[PDB]
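Student: File follows, query_35.pdb with PDB, C-alpha atoms:
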```
ATOM      1  CA  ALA A   1      86.655 110.078  97.082  1.00  0.00           C
ATOM      2  CA  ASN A   2      85.517 108.127  93.908  1.00  0.00           C
ATOM      3  CA  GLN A   3      88.652 106.257  92.597  1.00  0.00           C
ATOM      4  CA  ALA A   4      89.035 102.627  93.618  1.00  0.00           C
ATOM      5  CA  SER A   5      92.286 100.674  93.931  1.00  0.00           C
ATOM      6  CA  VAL A   6      93.171  97.014  93.875  1.00  0.00           C
ATOM      7  CA  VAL A   7      93.239  95.616  97.455  1.00  0.00           C
ATOM      8  CA  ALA A   8      94.379  92.117  98.541  1.00  0.00           C
ATOM      9  CA  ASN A   9      91.399  89.882  99.231  1.00  0.00           C
ATOM     10  CA  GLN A  10      93.654  87.333 100.972  1.00  0.00           C
ATOM     11  CA  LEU A  11      97.328  87.236 102.001  1.00  0.00           C
ATOM     12  CA  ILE A  12      99.346  86.956  98.804  1.00  0.00           C
ATOM     13  CA  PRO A  13     102.657  85.096  99.534  1.00  0.00           C
ATOM     14  CA  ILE A  14     105.912  86.587  98.184  1.00  0.00           C
ATOM     15  CA  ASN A  15     106.489  85.569  94.579  1.00  0.00           C
ATOM     16  CA  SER A  16     102.904  84.276  93.954  1.00  0.00           C
ATOM     17  CA  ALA A  17     101.244  84.880  90.620  1.00  0.00           C
ATOM     18  CA  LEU A  18      98.085  86.944  91.108  1.00  0.00           C
ATOM     19  CA  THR A  19      94.715  85.259  90.467  1.00  0.00           C
ATOM     20  CA  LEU A  20      91.277  86.911  90.433  1.00  0.00           C
ATOM     21  CA  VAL A  21      90.257  85.607  93.889  1.00  0.00           C
ATOM     22  CA  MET A  22      93.141  87.621  95.354  1.00  0.00           C
ATOM     23  CA  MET A  23      91.979  91.032  94.179  1.00  0.00           C
ATOM     24  CA  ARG A  24      89.061  93.147  95.275  1.00  0.00           C
ATOM     25  CA  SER A  25      88.369  96.785  94.411  1.00  0.00           C
ATOM     26  CA  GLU A  26      87.959  99.383  97.186  1.00  0.00           C
ATOM     27  CA  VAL A  27      88.230 103.132  97.585  1.00  0.00           C
ATOM     28  CA  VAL A  28      91.276 103.425  99.831  1.00  0.00           C
ATOM     29  CA  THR A  29      93.913 106.096 100.646  1.00  0.00           C
ATOM     30  CA  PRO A  30      96.705 106.305  99.510  1.00  0.00           C
ATOM     31  CA  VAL A  31      95.626 105.285  96.001  1.00  0.00           C
ATOM     32  CA  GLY A  32      97.301 102.181  94.516  1.00  0.00           C
ATOM     33  CA  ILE A  33      96.947 100.356  91.169  1.00  0.00           C
ATOM     34  CA  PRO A  34      93.560 101.382  89.620  1.00  0.00           C
ATOM     35  CA  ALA A  35      90.894  98.739  90.096  1.00  0.00           C
ATOM     36  CA  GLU A  36      90.285  98.914  86.295  1.00  0.00           C
ATOM     37  CA  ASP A  37      93.554  97.015  85.787  1.00  0.00           C
ATOM     38  CA  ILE A  38      92.652  93.886  87.780  1.00  0.00           C
ATOM     39  CA  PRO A  39      92.224  91.833  84.474  1.00  0.00           C
ATOM     40  CA  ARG A  40      95.673  92.807  83.301  1.00  0.00           C
ATOM     41  CA  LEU A  41      97.297  91.844  86.624  1.00  0.00           C
ATOM     42  CA  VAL A  42      96.359  88.136  86.414  1.00  0.00           C
ATOM     43  CA  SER A  43      99.459  85.935  86.265  1.00  0.00           C
ATOM     44  CA  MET A  44     101.880  88.714  87.204  1.00  0.00           C
ATOM     45  CA  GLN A  45     103.981  88.090  90.340  1.00  0.00           C
ATOM     46  CA  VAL A  46     104.289  90.145  93.446  1.00  0.00           C
ATOM     47  CA  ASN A  47     107.799  90.785  94.778  1.00  0.00           C
ATOM     48  CA  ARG A  48     106.807  90.864  98.479  1.00  0.00           C
ATOM     49  CA  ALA A  49     104.109  89.351 100.706  1.00  0.00           C
ATOM     50  CA  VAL A  50     100.886  91.412 100.565  1.00  0.00           C
ATOM     51  CA  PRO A  51      98.697  90.951 103.729  1.00  0.00           C
ATOM     52  CA  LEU A  52      94.901  90.780 103.547  1.00  0.00           C
ATOM     53  CA  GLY A  53      93.451  94.274 103.106  1.00  0.00           C
ATOM     54  CA  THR A  54      96.722  95.869 101.750  1.00  0.00           C
ATOM     55  CA  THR A  55      96.463  98.170  98.719  1.00  0.00           C
ATOM     56  CA  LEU A  56      98.500  96.808  95.777  1.00  0.00           C
ATOM     57  CA  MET A  57     101.026  99.421  94.695  1.00  0.00           C
ATOM     58  CA  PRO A  58     102.882  99.549  91.273  1.00  0.00           C
ATOM     59  CA  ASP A  59     106.255  98.738  92.859  1.00  0.00           C
ATOM     60  CA  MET A  60     104.917  95.458  94.399  1.00  0.00           C
ATOM     61  CA  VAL A  61     104.207  93.909  90.974  1.00  0.00           C
ATOM     62  CA  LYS A  62     107.036  92.427  88.888  1.00  0.00           C
ATOM     63  CA  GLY A  63     106.896  93.762  85.373  1.00  0.00           C
ATOM     64  CA  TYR A  64     104.040  96.217  86.053  1.00  0.00           C
ATOM     65  CA  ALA A  65     104.147  99.396  84.104  1.00  0.00           C
ATOM     66  CA  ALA A  66     101.034 101.503  83.492  1.00  0.00           C
TER      67      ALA A  66
END
```
I'd like the structure from this file rewritten - as structure tokens, please.
Tutor:
Amino acid sequence: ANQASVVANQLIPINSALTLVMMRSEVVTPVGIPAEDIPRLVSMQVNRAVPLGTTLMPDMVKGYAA
């Protein structure tokens, strides 16, 4: 409905630090990390490969807590 999540704009390899080109905002279901937090995600690492178009979930980001 109106809440957007962070979605991978490219494949993100396992253990890569997130950069802004990697993250778009889209209204997807199920809901993942709120698109509002994209600034705060830069430089944090993902703990698994995230294919293009996959919603980024809290458990995929090392050290994420919000």
Student: Need to verify the contact set: residue 32 (chain A), 7 Å, all atoms listed in the file, exclusion of same-chain residues closer than 3 positions in sequence. Can you return it as a ChimeraX atom specification?
Tutor: /A:5-6,55-58
Student: Please compute the CA of residue 36 (chain A)-CA of residue 21 (chain A) distance, one decimal, in Å.
Tutor: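 Distance between the two atoms: 15.3 Å.
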Student: When you draw a straight line from CA of residue 47 (chain A) to CA of residue 65 (chain A), how long is it in Å?
Tutor: 14.2 Å
Student: Measuring between all atoms listed in the file, which one of A:25, A:59, A:14, A:9 shows the shortest distance to residue 37 (chain A)?
Tutor: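 Residue with the minimum atom-to-atom distance to residue 37 (chain A): A:25.
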Student: Would you list the contacts of residue 39 (chain A) as a VMD selection string, taking every protein, DNA or RNA residue within 12 Å and counting all atoms listed in the file, but skipping same-chain residues closer than 6 positions in sequence?
Tutor: chain A and resid 6 18 to 25 33
Student: Enter the distance from CA of residue 50 (chain A) to CA of residue 62 (chain A), in Å, rounded to one decimal.
Tutor: 13.2 Å
Student: Need the neighbours of (88.7, 112.9, 96.8): which residues are at most 12 Å away, counting all atoms listed in the file, as a ChimeraX atom specification?
Tutor: /A:1-4,27-31
Student: Please write as a PDB file with C-alpha atoms, keeping the file's coordinate frame the full residue list that the PyMOL selection byres ((chain A and resi 52) around 7) yields on this file.
Tutor:
```pdb
ATOM      1  CA  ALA A   8      94.379  92.117  98.541  1.00  0.00           C
ATOM      2  CA  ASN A   9      91.399  89.882  99.231  1.00  0.00           C
ATOM      3  CA  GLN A  10      93.654  87.333 100.972  1.00  0.00           C
ATOM      4  CA  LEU A  11      97.328  87.236 102.001  1.00  0.00           C
ATOM      5  CA  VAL A  50     100.886  91.412 100.565  1.00  0.00           C
ATOM      6  CA  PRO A  51      98.697  90.951 103.729  1.00  0.00           C
ATOM      7  CA  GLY A  53      93.451  94.274 103.106  1.00  0.00           C
ATOM      8  CA  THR A  54      96.722  95.869 101.750  1.00  0.00           C
TER       9      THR A  54
END
```
Student: Find the residue from A:41, A:7, A:34, A:49 that sits nearest to residue 64 (chain A); use all atoms listed in the file when measuring.
Tutor: A:41
Student: Which centre and which edge lengths, in Å to one decimal, describe the axis-aligned box that holds all listed atoms of region 21-40 of chain A after 5 Å is added on each side, as AutoDock Vina command-line options?
Tutor:
```
--center_x 92.6 --center_y 96.0 --center_z 92.0 --size_x 19.3 --size_y 30.7 --size_z 27.3
```
Student: Kindly output region 23-35 of chain A as an mmCIF file, in the coordinates of the input, after building N, CA and C atoms.
Tutor:
```cif
data_model
loop_
_atom_site.group_PDB
_atom_site.id
_atom_site.type_symbol
_atom_site.label_atom_id
_atom_site.label_comp_id
_atom_site.auth_asym_id
_atom_site.auth_seq_id
_atom_site.Cartn_x
_atom_site.Cartn_y
_atom_site.Cartn_z
ATOM 1 N N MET A 23 92.058 89.608 94.360
ATOM 2 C CA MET A 23 91.979 91.032 94.179
ATOM 3 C C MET A 23 90.569 91.570 94.267
ATOM 4 N N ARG A 24 90.338 92.451 95.238
ATOM 5 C CA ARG A 24 89.061 93.147 95.275
ATOM 6 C C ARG A 24 89.281 94.616 94.932
ATOM 7 N N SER A 25 88.224 95.397 94.749
ATOM 8 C CA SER A 25 88.369 96.785 94.411
ATOM 9 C C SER A 25 87.752 97.580 95.557
ATOM 10 N N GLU A 26 88.437 98.594 96.074
ATOM 11 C CA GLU A 26 87.959 99.383 97.186
ATOM 12 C C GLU A 26 88.479 100.787 97.040
ATOM 13 N N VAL A 27 87.753 101.763 97.575
ATOM 14 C CA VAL A 27 88.230 103.132 97.585
ATOM 15 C C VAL A 27 89.037 103.264 98.867
ATOM 16 N N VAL A 28 90.344 103.323 98.715
ATOM 17 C CA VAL A 28 91.276 103.425 99.831
ATOM 18 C C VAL A 28 92.255 104.578 99.645
ATOM 19 N N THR A 29 92.962 104.998 100.690
ATOM 20 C CA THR A 29 93.913 106.096 100.646
ATOM 21 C C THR A 29 95.175 105.610 101.342
ATOM 22 N N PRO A 30 96.400 105.725 100.818
ATOM 23 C CA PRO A 30 96.705 106.305 99.510
ATOM 24 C C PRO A 30 96.240 105.433 98.341
ATOM 25 N N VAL A 31 96.123 106.005 97.154
ATOM 26 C CA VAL A 31 95.626 105.285 96.001
ATOM 27 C C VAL A 31 96.724 104.372 95.446
ATOM 28 N N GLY A 32 96.364 103.138 95.080
ATOM 29 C CA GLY A 32 97.301 102.181 94.516
ATOM 30 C C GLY A 32 96.991 101.951 93.049
ATOM 31 N N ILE A 33 97.249 100.749 92.539
ATOM 32 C CA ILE A 33 96.947 100.356 91.169
ATOM 33 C C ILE A 33 95.446 100.496 90.936
ATOM 34 N N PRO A 34 94.984 101.199 89.904
ATOM 35 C CA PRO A 34 93.560 101.382 89.620
ATOM 36 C C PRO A 34 92.818 100.052 89.505
ATOM 37 N N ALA A 35 91.654 99.958 90.140
ATOM 38 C CA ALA A 35 90.894 98.739 90.096
ATOM 39 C C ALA A 35 90.558 98.283 88.678
#
```
